[PDB]
Amino acid sequence: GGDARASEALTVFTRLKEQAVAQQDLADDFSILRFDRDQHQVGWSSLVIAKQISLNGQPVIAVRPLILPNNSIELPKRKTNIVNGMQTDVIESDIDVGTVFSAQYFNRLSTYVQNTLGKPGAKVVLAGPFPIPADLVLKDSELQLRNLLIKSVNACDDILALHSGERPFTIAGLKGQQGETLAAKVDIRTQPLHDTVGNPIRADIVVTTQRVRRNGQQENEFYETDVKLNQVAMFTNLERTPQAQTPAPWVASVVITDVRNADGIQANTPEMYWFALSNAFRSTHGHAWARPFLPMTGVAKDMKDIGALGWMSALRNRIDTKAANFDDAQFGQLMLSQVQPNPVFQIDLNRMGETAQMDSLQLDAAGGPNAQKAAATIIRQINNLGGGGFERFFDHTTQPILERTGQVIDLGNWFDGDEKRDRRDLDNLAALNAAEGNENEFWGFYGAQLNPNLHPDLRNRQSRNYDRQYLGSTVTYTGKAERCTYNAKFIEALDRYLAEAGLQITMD
Amino acid sequence: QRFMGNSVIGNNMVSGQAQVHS
Amino acid sequence: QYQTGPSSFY
Amino acid sequence: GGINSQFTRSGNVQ
Amino acid sequence: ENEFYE
């Protein structure tokens with residue numbers, strides 16, 4: 001009766017911290033502690049990185065817990081009952097990392113930290129949990145652990161500085177007064193992006209913001225000084241409106257997966273999040289959201305084929321791409337005749353990701369007991385970013401900011417033949433391609449996602465069965481995420497407010 | 001009861017076009 | 001439902 | 001560039 | 001109390 005994935009991790013982290021301090025990379029001002037599950041009676045053991053300062057004589061402690069799930073032990077499952085006619089049955093669900101980190105868990109962690117550090121009445125502030133995925137060998141993953149430790153220290157410094165109170169980041173200071181301009185570059189990708197711990201993330205459209213400083217006969221050709229600010233990963237999905245059979249049958253919804261800053265920038269502040277998120281709306285400058293749909297020349301993975309859209313069209317068969325006659329001449333005609341011109345913007349909020357502190361805030365703003373406070377905080381932050389007077393473009397009193405669609409998305413990875421990929425590659429188009437002519441199977445798959453009648457546990461069961469049926473037997477789930485839809489007017493108001501606030505971005 | 005589609009996705013759609021200096 | 005978690009803002 | 005010097009969070013990266 | 005622990 002013992003746990004062996006905590007002591008080894010603690011030893012590795014202590015050695016890494018010693019090495020980093022030796023190389024003059026960090027400062028010996030933080031502590032690393034172990035949260036054993038055996039002597040605290042908690043679901044999962046965790047590692048906490050605590051850094052403390054003093055504010056007006058009151059000690060303040062910032063903590064960044066790291067959950068350590070283990071595959072050698074099984075947590076008890078959750079039972080639910082549903083009724084069908086005269087018979088009742090029991091469904092056995094599964095428990096994720098997110099449900100483990102509850103209020104009681106954080107309370108016990110804070111009490112333990114306060115007792116350990118010698119300060120019983122010290123204030124404790126969270127900095128954002130980040131679980132360490134299982135099936136990861138700690139012996140040969142030193143680089144990821146080092147980067148994660150550095151990022152955790154940076155996050156603790158960020159939250160401490162935010163609590164202390166510093167100058168907000170504003171776009172008025174981005175002028176540079178040196179005759180430079182900001183340019184935004186769009187990009188279409190096919191290989192998934194990677195997290196700080198190697199977790200793949202699906203990313204088809206990437207929007208970045210750079211600084212263009214070409215003044216004159218500039219020297220240092222082919223050399224750039226970290227001219228990059230933001231990066232947003234987006235991918236498009238198709239949704240079908242319930243109309244019986246001039247409006248196009250399908251409507252395109254764009255999902256935002258990851259928002260992050262440049263690698264060089266070591267600071268993360270709330271006003272940077274909105275500035276980075278404002279780049280999402282710029283993807284509609286030249287219908288760039290439709291670029292991944294066009295066929296590529298030479299290869300055909302047959303997973304993202306757009307010809308499947310003809311399965312439910314007036315003609316039963318599928319439209320055949322990869323043909324000599326087919327080109328961009330009638331690809332536009334197809335998109336005009338079967339896709340709505342305007343897209344929809346959605347975000348996949350995750351309470352355990354790197355940007356947990358904003359995903360939780362947006363989830364609270366979407367709906368709950370803390371609905372007014374979150375909206376007021378968001379409005380205050382947006383006012384702080386770029387001067388003020390946001391009331392002229394938006395009115396949070398009588399206008400929702402974020403809306404919850406009641407959809408839960410699993411987070412996992414499946415090992416393709418070549419390399420590990422992301423579980424979110426399976427979408428409506430992928431399912432339509434998988435089920436060639438069987439309309440009933442596609443309708444069942446679509447209902448397994450957003451059926452309001454079905455219990456969420458049953459929908460999750462059907463979604464887990466479909467993934468095994470289509471993708472393969474190598475699927476490995478890692479977490480949970482929730483999908484939300486932004487207000488249509490909010491995005492436009494934010495974009496117009498930033499544009500009027502002296503921000504000028506040029507591109508193709 | 002059988003699913004038929006999303007009757008609420010069509011309410012939120014961007015009407016304007018991205019504003020860039022170009 | 002609408003389960004919530006700790007928030008540093010409030 | 002100047003952003004890092006304006007905030008100066010402890011812990012060098014890259 | 002002590003949920004998720006046996």
# chains A, B, ... in the order shown; residues from 1 in each chain; ligands from 1
call {"tool": "closest_atom_pairs", "arguments": {"of": "chain A", "to": "chain B", "cutoff": "7 Å", "atoms": "only C-alpha atoms", "output": "Markdown table"}}
result
| residue | atom | partner | partner_atom | distance |
| --- | --- | --- | --- | --- |
| A:240 | CA | B:5 | CA | 5.8 |
| A:241 | CA | B:5 | CA | 5.0 |
| A:242 | CA | B:5 | CA | 4.3 |
| A:281 | CA | B:18 | CA | 6.5 |
| A:282 | CA | B:18 | CA | 5.3 |
| A:284 | CA | B:18 | CA | 5.8 |
| A:285 | CA | B:18 | CA | 5.1 |
| A:342 | CA | B:14 | CA | 5.9 |
| A:343 | CA | B:13 | CA | 6.1 |
| A:344 | CA | B:13 | CA | 5.3 |
| A:447 | CA | B:3 | CA | 5.4 |
| A:451 | CA | B:3 | CA | 6.2 |
| A:487 | CA | B:12 | CA | 6.5 |
| A:488 | CA | B:12 | CA | 5.1 |
| A:504 | CA | B:21 | CA | 6.2 |
| A:505 | CA | B:21 | CA | 5.8 |
| A:506 | CA | B:22 | CA | 4.3 |
| A:507 | CA | B:22 | CA | 5.3 |
| A:508 | CA | B:22 | CA | 6.4 |
call {"tool": "write_last_selection", "arguments": {"atoms": "N, CA, C and O atoms", "output": "PDB file, in the first residue's frame"}}
result
ATOM      1  N   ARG A 240     -25.755  21.841 -39.043  1.00  0.00           N
ATOM      2  CA  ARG A 240     -26.913  21.733 -39.919  1.00  0.00           C
ATOM      3  C   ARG A 240     -28.159  22.245 -39.208  1.00  0.00           C
ATOM      4  O   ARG A 240     -28.501  21.769 -38.122  1.00  0.00           O
ATOM      5  N   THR A 241     -28.831  23.212 -39.826  1.00  0.00           N
ATOM      6  CA  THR A 241     -30.064  23.740 -39.268  1.00  0.00           C
ATOM      7  C   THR A 241     -31.223  22.779 -39.537  1.00  0.00           C
ATOM      8  O   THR A 241     -31.250  22.094 -40.563  1.00  0.00           O
ATOM      9  N   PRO A 242     -32.190  22.695 -38.617  1.00  0.00           N
ATOM     10  CA  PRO A 242     -33.345  21.793 -38.821  1.00  0.00           C
ATOM     11  C   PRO A 242     -34.434  22.394 -39.706  1.00  0.00           C
ATOM     12  O   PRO A 242     -35.437  22.948 -39.258  1.00  0.00           O
ATOM     13  N   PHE A 281     -11.471  37.645 -34.990  1.00  0.00           N
ATOM     14  CA  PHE A 281     -12.408  38.241 -35.936  1.00  0.00           C
ATOM     15  C   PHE A 281     -11.754  38.587 -37.268  1.00  0.00           C
ATOM     16  O   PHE A 281     -12.453  38.675 -38.282  1.00  0.00           O
ATOM     17  N   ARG A 282     -10.434  38.779 -37.290  1.00  0.00           N
ATOM     18  CA  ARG A 282      -9.745  39.163 -38.515  1.00  0.00           C
ATOM     19  C   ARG A 282      -9.665  38.034 -39.534  1.00  0.00           C
ATOM     20  O   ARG A 282      -9.257  38.283 -40.674  1.00  0.00           O
ATOM     21  N   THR A 284     -11.964  36.682 -41.114  1.00  0.00           N
ATOM     22  CA  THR A 284     -12.997  36.834 -42.129  1.00  0.00           C
ATOM     23  C   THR A 284     -12.672  37.926 -43.140  1.00  0.00           C
ATOM     24  O   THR A 284     -13.560  38.346 -43.888  1.00  0.00           O
ATOM     25  N   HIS A 285     -11.425  38.403 -43.171  1.00  0.00           N
ATOM     26  CA  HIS A 285     -11.059  39.457 -44.111  1.00  0.00           C
ATOM     27  C   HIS A 285     -11.204  38.989 -45.554  1.00  0.00           C
ATOM     28  O   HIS A 285     -11.714  39.727 -46.405  1.00  0.00           O
ATOM     29  N   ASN A 342     -21.787  33.908 -43.673  1.00  0.00           N
ATOM     30  CA  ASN A 342     -21.249  34.429 -42.421  1.00  0.00           C
ATOM     31  C   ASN A 342     -20.935  33.285 -41.461  1.00  0.00           C
ATOM     32  O   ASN A 342     -21.718  32.337 -41.358  1.00  0.00           O
ATOM     33  N   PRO A 343     -19.808  33.340 -40.746  1.00  0.00           N
ATOM     34  CA  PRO A 343     -19.477  32.267 -39.802  1.00  0.00           C
ATOM     35  C   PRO A 343     -20.020  32.514 -38.404  1.00  0.00           C
ATOM     36  O   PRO A 343     -20.659  33.539 -38.145  1.00  0.00           O
ATOM     37  N   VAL A 344     -19.771  31.572 -37.496  1.00  0.00           N
ATOM     38  CA  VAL A 344     -20.137  31.692 -36.090  1.00  0.00           C
ATOM     39  C   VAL A 344     -18.899  31.398 -35.255  1.00  0.00           C
ATOM     40  O   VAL A 344     -18.132  30.483 -35.570  1.00  0.00           O
ATOM     41  N   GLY A 447     -27.045  13.459 -33.032  1.00  0.00           N
ATOM     42  CA  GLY A 447     -27.849  13.541 -31.828  1.00  0.00           C
ATOM     43  C   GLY A 447     -27.110  13.141 -30.572  1.00  0.00           C
ATOM     44  O   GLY A 447     -27.475  13.590 -29.482  1.00  0.00           O
ATOM     45  N   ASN A 451     -28.329  16.348 -28.148  1.00  0.00           N
ATOM     46  CA  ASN A 451     -29.717  15.995 -27.869  1.00  0.00           C
ATOM     47  C   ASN A 451     -30.102  16.504 -26.487  1.00  0.00           C
ATOM     48  O   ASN A 451     -29.481  16.103 -25.497  1.00  0.00           O
ATOM     49  N   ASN A 487     -21.395  36.284 -28.135  1.00  0.00           N
ATOM     50  CA  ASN A 487     -22.439  37.136 -28.682  1.00  0.00           C
ATOM     51  C   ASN A 487     -21.977  37.750 -29.997  1.00  0.00           C
ATOM     52  O   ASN A 487     -20.820  38.156 -30.138  1.00  0.00           O
ATOM     53  N   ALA A 488     -22.891  37.808 -30.968  1.00  0.00           N
ATOM     54  CA  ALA A 488     -22.537  38.328 -32.285  1.00  0.00           C
ATOM     55  C   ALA A 488     -22.142  39.798 -32.217  1.00  0.00           C
ATOM     56  O   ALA A 488     -21.180  40.220 -32.869  1.00  0.00           O
ATOM     57  N   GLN A 504      -3.838  50.306 -35.565  1.00  0.00           N
ATOM     58  CA  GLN A 504      -3.833  50.182 -37.017  1.00  0.00           C
ATOM     59  C   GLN A 504      -3.063  48.930 -37.402  1.00  0.00           C
ATOM     60  O   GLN A 504      -1.855  48.842 -37.160  1.00  0.00           O
ATOM     61  N   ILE A 505      -3.759  47.967 -38.003  1.00  0.00           N
ATOM     62  CA  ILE A 505      -3.160  46.719 -38.457  1.00  0.00           C
ATOM     63  C   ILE A 505      -3.419  46.572 -39.948  1.00  0.00           C
ATOM     64  O   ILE A 505      -4.558  46.716 -40.407  1.00  0.00           O
ATOM     65  N   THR A 506      -2.363  46.288 -40.705  1.00  0.00           N
ATOM     66  CA  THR A 506      -2.442  46.149 -42.150  1.00  0.00           C
ATOM     67  C   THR A 506      -2.028  44.743 -42.560  1.00  0.00           C
ATOM     68  O   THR A 506      -1.142  44.137 -41.952  1.00  0.00           O
ATOM     69  N   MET A 507      -2.676  44.234 -43.603  1.00  0.00           N
ATOM     70  CA  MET A 507      -2.348  42.929 -44.166  1.00  0.00           C
ATOM     71  C   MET A 507      -2.964  42.843 -45.557  1.00  0.00           C
ATOM     72  O   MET A 507      -3.486  43.829 -46.087  1.00  0.00           O
ATOM     73  N   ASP A 508      -2.899  41.656 -46.154  1.00  0.00           N
ATOM     74  CA  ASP A 508      -3.429  41.434 -47.495  1.00  0.00           C
ATOM     75  C   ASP A 508      -4.945  41.605 -47.531  1.00  0.00           C
ATOM     76  O   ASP A 508      -5.538  41.744 -48.600  1.00  0.00           O
TER      77      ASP A 508
END
call {"tool": "select_by_dssp", "arguments": {"residues": "segment 341-416 of chain A", "states": "strand (DSSP E or B)", "output": "JSON, numbers by chain"}}
result
{"A": [344, 345, 346, 347, 348, 349, 402, 403, 404, 405, 406, 407, 408, 409, 410, 411, 412, 413, 414, 415]}
call {"tool": "residues_around", "arguments": {"residues": "residue 6 of chain D", "least_positions_apart": "2", "cutoff": "12 Å", "atoms": "only C-alpha atoms", "output": "number ranges by chain"}}
result
A: 166-169, 173, 265-267; D: 1-4, 8-9
call {"tool": "write_last_selection", "arguments": {"atoms": "N, CA and C atoms", "output": "CSV table (one decimal), in the first residue's frame"}}
result
chain,number,residue,atom,x,y,z
A,166,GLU,N,-0.2,46.9,-10.5
A,166,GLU,CA,0.8,47.5,-11.4
A,166,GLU,C,0.1,48.2,-12.5
A,167,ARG,N,0.9,48.8,-13.4
A,167,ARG,CA,0.4,49.5,-14.5
A,167,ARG,C,-0.3,48.6,-15.5
A,168,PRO,N,-1.5,48.8,-15.9
A,168,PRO,CA,-2.2,47.9,-16.9
A,168,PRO,C,-1.5,48.1,-18.3
A,169,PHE,N,-1.6,47.0,-19.1
A,169,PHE,CA,-1.0,47.0,-20.4
A,169,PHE,C,-2.1,47.7,-21.4
A,173,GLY,N,0.6,52.4,-25.6
A,173,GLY,CA,2.0,52.3,-25.5
A,173,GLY,C,2.6,51.5,-26.6
A,265,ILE,N,7.9,36.6,-24.8
A,265,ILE,CA,7.3,37.3,-23.8
A,265,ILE,C,7.0,36.4,-22.6
A,266,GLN,N,7.6,36.8,-21.4
A,266,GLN,CA,7.4,36.0,-20.2
A,266,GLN,C,6.3,36.6,-19.3
A,267,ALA,N,5.6,37.5,-19.7
A,267,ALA,CA,4.5,38.2,-18.9
A,267,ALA,C,3.1,37.8,-19.5
D,1,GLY,N,10.8,42.4,-26.5
D,1,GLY,CA,11.7,43.6,-26.5
D,1,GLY,C,11.6,44.4,-25.2
D,2,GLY,N,10.9,45.5,-25.4
D,2,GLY,CA,10.7,46.4,-24.2
D,2,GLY,C,9.5,45.9,-23.3
D,3,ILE,N,8.7,45.0,-23.8
D,3,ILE,CA,7.6,44.5,-23.0
D,3,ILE,C,8.2,43.8,-21.7
D,4,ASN,N,9.2,42.9,-22.0
D,4,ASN,CA,9.8,42.2,-20.8
D,4,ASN,C,10.5,43.1,-19.8
D,8,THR,N,9.1,42.5,-16.1
D,8,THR,CA,10.2,41.9,-15.4
D,8,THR,C,9.7,40.8,-14.4
D,9,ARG,N,9.1,39.8,-14.9
D,9,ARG,CA,8.7,38.7,-14.1
D,9,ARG,C,9.9,37.8,-13.9
call {"tool": "residues_around", "arguments": {"residues": "residue 3 of chain E", "least_positions_apart": "3", "cutoff": "12 Å", "atoms": "only C-alpha atoms", "output": "ChimeraX atom specification"}}
result
/A:40-44,75-78,95,99-102,104-105 /E:6
call {"tool": "write_last_selection", "arguments": {"atoms": "N, CA and C atoms", "output": "PDB file, in the first residue's frame"}}
result
ATOM      1  N   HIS A  40      -3.812  12.666   3.693  1.00  0.00           N
ATOM      2  CA  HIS A  40      -4.772  13.753   3.570  1.00  0.00           C
ATOM      3  C   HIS A  40      -6.146  13.284   3.115  1.00  0.00           C
ATOM      4  N   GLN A  41      -6.274  12.033   2.669  1.00  0.00           N
ATOM      5  CA  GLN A  41      -7.549  11.454   2.245  1.00  0.00           C
ATOM      6  C   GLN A  41      -8.177  12.275   1.116  1.00  0.00           C
ATOM      7  N   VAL A  42      -7.472  12.313  -0.015  1.00  0.00           N
ATOM      8  CA  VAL A  42      -7.923  13.024  -1.202  1.00  0.00           C
ATOM      9  C   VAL A  42      -7.816  12.090  -2.401  1.00  0.00           C
ATOM     10  N   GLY A  43      -8.500  12.473  -3.482  1.00  0.00           N
ATOM     11  CA  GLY A  43      -8.554  11.611  -4.653  1.00  0.00           C
ATOM     12  C   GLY A  43      -7.201  11.416  -5.313  1.00  0.00           C
ATOM     13  N   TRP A  44      -6.462  12.504  -5.513  1.00  0.00           N
ATOM     14  CA  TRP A  44      -5.188  12.459  -6.217  1.00  0.00           C
ATOM     15  C   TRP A  44      -4.134  13.237  -5.447  1.00  0.00           C
ATOM     16  N   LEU A  75     -10.300   4.938  -9.235  1.00  0.00           N
ATOM     17  CA  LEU A  75     -11.252   5.666  -8.409  1.00  0.00           C
ATOM     18  C   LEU A  75     -12.647   5.062  -8.564  1.00  0.00           C
ATOM     19  N   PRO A  76     -13.457   5.069  -7.506  1.00  0.00           N
ATOM     20  CA  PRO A  76     -14.829   4.562  -7.629  1.00  0.00           C
ATOM     21  C   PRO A  76     -15.628   5.387  -8.627  1.00  0.00           C
ATOM     22  N   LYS A  77     -16.479   4.709  -9.391  1.00  0.00           N
ATOM     23  CA  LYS A  77     -17.255   5.368 -10.427  1.00  0.00           C
ATOM     24  C   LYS A  77     -18.523   5.988  -9.843  1.00  0.00           C
ATOM     25  N   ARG A  78     -19.206   6.775 -10.672  1.00  0.00           N
ATOM     26  CA  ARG A  78     -20.433   7.467 -10.290  1.00  0.00           C
ATOM     27  C   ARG A  78     -21.608   6.772 -10.965  1.00  0.00           C
ATOM     28  N   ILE A  95     -14.933   9.358 -13.717  1.00  0.00           N
ATOM     29  CA  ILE A  95     -14.582  10.590 -13.019  1.00  0.00           C
ATOM     30  C   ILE A  95     -13.291  11.143 -13.605  1.00  0.00           C
ATOM     31  N   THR A  99     -13.318  17.135 -11.784  1.00  0.00           N
ATOM     32  CA  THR A  99     -14.228  16.931 -10.662  1.00  0.00           C
ATOM     33  C   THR A  99     -13.491  16.672  -9.355  1.00  0.00           C
ATOM     34  N   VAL A 100     -12.246  16.198  -9.417  1.00  0.00           N
ATOM     35  CA  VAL A 100     -11.481  15.958  -8.198  1.00  0.00           C
ATOM     36  C   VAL A 100     -11.131  17.275  -7.517  1.00  0.00           C
ATOM     37  N   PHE A 101     -10.720  18.274  -8.300  1.00  0.00           N
ATOM     38  CA  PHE A 101     -10.310  19.571  -7.761  1.00  0.00           C
ATOM     39  C   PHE A 101     -11.560  20.379  -7.421  1.00  0.00           C
ATOM     40  N   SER A 102     -12.118  20.090  -6.248  1.00  0.00           N
ATOM     41  CA  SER A 102     -13.300  20.782  -5.766  1.00  0.00           C
ATOM     42  C   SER A 102     -12.912  21.829  -4.723  1.00  0.00           C
ATOM     43  N   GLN A 104     -13.453  21.654  -1.461  1.00  0.00           N
ATOM     44  CA  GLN A 104     -12.866  20.996  -0.298  1.00  0.00           C
ATOM     45  C   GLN A 104     -11.401  20.649  -0.536  1.00  0.00           C
ATOM     46  N   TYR A 105     -11.075  20.186  -1.746  1.00  0.00           N
ATOM     47  CA  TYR A 105      -9.688  19.895  -2.093  1.00  0.00           C
ATOM     48  C   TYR A 105      -8.813  21.133  -1.937  1.00  0.00           C
TER      49      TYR A 105
ATOM     50  N   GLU E   6     -11.391   5.540  -0.731  1.00  0.00           N
ATOM     51  CA  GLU E   6     -11.915   4.317  -0.130  1.00  0.00           C
ATOM     52  C   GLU E   6     -11.018   3.860   1.014  1.00  0.00           C
TER      53      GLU E   6
END
call {"tool": "closest_atom_pairs", "arguments": {"of": "chain E", "to": "chain A", "cutoff": "8 Å", "atoms": "only C-alpha atoms", "output": "JSON lines"}}
result
{"residue": "E:2", "atom": "CA", "partner": "A:41", "partner_atom": "CA", "distance": 6.4}
{"residue": "E:3", "atom": "CA", "partner": "A:42", "partner_atom": "CA", "distance": 7.6}
{"residue": "E:4", "atom": "CA", "partner": "A:43", "partner_atom": "CA", "distance": 5.2}
{"residue": "E:5", "atom": "CA", "partner": "A:43", "partner_atom": "CA", "distance": 5.7}
call {"tool": "interface_residues", "arguments": {"of": "chain A", "to": "chain C", "cutoff": "7 Å", "atoms": "only C-alpha atoms", "output": "ChimeraX atom specification"}}
result
/A:102-103,125-126,368
call {"tool": "atom_distance", "arguments": {"atom1": "atom CA of residue 121 of chain A", "atom2": "atom CA of residue 160 of chain A"}}
result
17.5 Å
call {"tool": "atom_distance", "arguments": {"atom1": "atom CA of residue 400 of chain A", "atom2": "atom CA of residue 371 of chain A"}}
result
9.9 Å
call {"tool": "closest_atom_pairs", "arguments": {"of": "chain A", "to": "chain D", "cutoff": "8 Å", "atoms": "only C-alpha atoms", "output": "Markdown table"}}
result
| residue | atom | partner | partner_atom | distance |
| --- | --- | --- | --- | --- |
| A:25 | CA | D:12 | CA | 5.5 |
| A:26 | CA | D:11 | CA | 4.8 |
| A:27 | CA | D:11 | CA | 7.3 |
| A:150 | CA | D:11 | CA | 6.3 |
| A:153 | CA | D:11 | CA | 6.9 |
| A:154 | CA | D:9 | CA | 6.2 |
| A:157 | CA | D:9 | CA | 6.1 |
| A:158 | CA | D:9 | CA | 7.0 |
| A:225 | CA | D:1 | CA | 7.9 |
| A:226 | CA | D:1 | CA | 7.3 |
| A:263 | CA | D:14 | CA | 7.7 |
| A:264 | CA | D:14 | CA | 6.8 |
| A:265 | CA | D:4 | CA | 6.2 |
| A:266 | CA | D:4 | CA | 6.6 |
| A:267 | CA | D:9 | CA | 6.4 |
call {"tool": "residues_around", "arguments": {"residues": "segment 246-250 of chain A", "least_positions_apart": "2", "cutoff": "10 Å", "atoms": "only C-alpha atoms", "output": "PyMOL selection string"}}
result
(chain A and resi 238-244+252-253+309+312-313+335-341) or (chain B and resi 10)
call {"tool": "write_last_selection", "arguments": {"atoms": "N, CA, C and O atoms", "output": "CSV table (one decimal), in the first residue's frame"}}
result
chain,number,residue,atom,x,y,z
A,238,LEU,N,-18.9,22.4,-39.3
A,238,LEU,CA,-20.2,22.7,-40.0
A,238,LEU,C,-21.3,22.2,-39.1
A,238,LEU,O,-21.3,21.1,-38.5
A,239,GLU,N,-22.4,23.0,-39.0
A,239,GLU,CA,-23.6,22.6,-38.3
A,239,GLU,C,-24.8,22.7,-39.3
A,239,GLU,O,-24.8,23.6,-40.2
A,240,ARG,N,-25.8,21.8,-39.0
A,240,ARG,CA,-26.9,21.7,-39.9
A,240,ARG,C,-28.2,22.2,-39.2
A,240,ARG,O,-28.5,21.8,-38.1
A,241,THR,N,-28.8,23.2,-39.8
A,241,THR,CA,-30.1,23.7,-39.3
A,241,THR,C,-31.2,22.8,-39.5
A,241,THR,O,-31.2,22.1,-40.6
A,242,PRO,N,-32.2,22.7,-38.6
A,242,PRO,CA,-33.3,21.8,-38.8
A,242,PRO,C,-34.4,22.4,-39.7
A,242,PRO,O,-35.4,22.9,-39.3
A,243,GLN,N,-34.2,22.3,-41.0
A,243,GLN,CA,-35.2,22.7,-42.0
A,243,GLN,C,-35.6,21.6,-42.9
A,243,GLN,O,-34.7,20.9,-43.4
A,244,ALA,N,-36.9,21.4,-43.2
A,244,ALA,CA,-37.3,20.3,-44.0
A,244,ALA,C,-37.0,20.5,-45.4
A,244,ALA,O,-36.7,21.6,-45.9
A,252,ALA,N,-21.6,27.5,-41.0
A,252,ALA,CA,-20.2,27.3,-40.6
A,252,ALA,C,-20.0,27.9,-39.2
A,252,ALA,O,-20.2,29.1,-39.1
A,253,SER,N,-19.5,27.2,-38.3
A,253,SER,CA,-19.1,27.6,-36.9
A,253,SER,C,-17.7,27.5,-36.7
A,253,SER,O,-17.1,26.4,-36.9
A,309,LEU,N,-20.5,16.6,-48.7
A,309,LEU,CA,-21.6,17.5,-48.5
A,309,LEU,C,-22.7,17.2,-49.5
A,309,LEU,O,-23.9,17.5,-49.2
A,312,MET,N,-26.4,14.5,-48.7
A,312,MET,CA,-27.8,14.9,-48.4
A,312,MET,C,-28.3,15.9,-49.4
A,312,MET,O,-29.4,16.5,-49.2
A,313,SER,N,-27.6,16.2,-50.5
A,313,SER,CA,-28.1,17.2,-51.5
A,313,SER,C,-29.2,16.6,-52.3
A,313,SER,O,-29.8,15.5,-52.0
A,335,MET,N,-19.6,26.3,-52.4
A,335,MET,CA,-19.6,27.0,-51.1
A,335,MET,C,-20.7,28.0,-51.0
A,335,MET,O,-21.4,28.2,-49.9
A,336,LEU,N,-21.0,28.7,-52.1
A,336,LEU,CA,-22.1,29.6,-52.1
A,336,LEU,C,-23.5,28.9,-52.0
A,336,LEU,O,-24.4,29.4,-51.4
A,337,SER,N,-23.6,27.8,-52.7
A,337,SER,CA,-24.8,27.1,-52.8
A,337,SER,C,-25.1,26.2,-51.6
A,337,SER,O,-26.3,25.7,-51.4
A,338,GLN,N,-24.2,25.9,-50.7
A,338,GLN,CA,-24.4,25.0,-49.6
A,338,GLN,C,-23.9,25.5,-48.2
A,338,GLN,O,-24.0,24.8,-47.2
A,339,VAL,N,-23.2,26.7,-48.2
A,339,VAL,CA,-22.7,27.2,-46.9
A,339,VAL,C,-23.1,28.7,-46.8
A,339,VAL,O,-23.0,29.5,-47.7
A,340,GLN,N,-23.6,29.0,-45.6
A,340,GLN,CA,-23.9,30.4,-45.3
A,340,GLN,C,-22.7,31.3,-45.3
A,340,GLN,O,-21.6,30.9,-44.9
A,341,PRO,N,-22.8,32.5,-45.9
A,341,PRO,CA,-21.6,33.4,-46.1
A,341,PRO,C,-21.0,33.8,-44.7
A,341,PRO,O,-19.8,34.0,-44.7
B,10,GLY,N,-28.3,29.6,-35.6
B,10,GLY,CA,-28.4,30.6,-36.6
B,10,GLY,C,-28.7,32.0,-36.1
B,10,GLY,O,-28.7,32.9,-36.9
call {"tool": "select_by_dssp", "arguments": {"residues": "chain D", "states": "alpha helix (DSSP H)", "output": "MDAnalysis selection string"}}
result
chainID D and resid 2:7
call {"tool": "atom_distance", "arguments": {"atom1": "atom CA of residue 489 of chain A", "atom2": "atom CA of residue 357 of chain A"}}
result
24.4 Å
